[PDB]
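Structure, as structure tokens:
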Amino acid sequence: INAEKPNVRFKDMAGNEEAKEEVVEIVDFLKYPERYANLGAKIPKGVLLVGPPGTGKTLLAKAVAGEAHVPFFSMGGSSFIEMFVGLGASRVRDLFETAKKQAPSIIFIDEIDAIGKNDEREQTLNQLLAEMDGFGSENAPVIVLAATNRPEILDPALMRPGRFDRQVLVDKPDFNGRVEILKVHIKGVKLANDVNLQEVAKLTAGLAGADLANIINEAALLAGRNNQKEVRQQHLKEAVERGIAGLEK
């Protein structure tokens, strides 16, 4: 099919500097696989960006490809529960060769979990555990990444050395860093005189960085029914305070 090299970049993301750092070390890898293959040591093995619901894990994922000018082949842990019996790992083990060709690169599985499901049990789960170790080789500079949230409900053999050996901990942003977030989405949004982000940063907490992202533009949208200009604090105040109704379907 021929894959992508996204246009995403840490400092171009959404102010989530703390995992970036970690993830940063994977860039330097793909960037200079040689410096390492000169000192002796390396890690063509996955990493398990793990955290709550919406912290741009699925973003940062990309943000290491585009950061390194390297590709991002990756359907993600999905269409395999979506494919029942027979003819399943034909784009899945012909997935690695692509990268093995176009190398160094990033294979980013989605929501590992999915991987797995006469019998009635796990099998696809019982796959990448070879490639993440040995295959046609193990010399190419490529690197897997896969998000999680409930790391528990997963096979433990994932973490066996020479497989998912590391885990980046992206998470809800401190009541001091969300303040950095808001201060990103604010670009554009013409604002008031007394728009105090800190306050709309206050017990405006608990939520993720795509939630805050939302708060802003929303508060903006309350300028439609009210043909106004300067976006004022009380706009952000109507933060649907902190919507809790969720979990009900």
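Chain A uses Swiss-Prot numbers throughout; the residues present, in order, are 160-276, 287-418.
Method on record in the header is X-ray crystallography, 3.3 Å.
A Cβ is built for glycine as well, from the same backbone N, Cα and C atoms used for every other residue.
Residues or ranges marked as ATP binding site by Swiss-Prot: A173, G213, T214, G215, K216, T217, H354.
Location within the structure of each feature annotated in Swiss-Prot.
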residue : record           : CB count, 10 Å
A173    : ATP binding site : 19
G213    : ATP binding site : 18
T214    : ATP binding site : 24
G215    : ATP binding site : 23
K216    : ATP binding site : 25
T217    : ATP binding site : 15
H354    : ATP binding site : 19
Worksheet entry | Diameter of the ATP binding set by C-alpha atoms, the set being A173, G213, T214, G215, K216, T217, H354, in angstrom | 19
Worksheet, complete the sentence: Per DSSP (three-state), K216 (ATP binding site) is helix
Fill in: Where the model skips 10 residues between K276 and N287, distance between their Cα atoms in Å
13
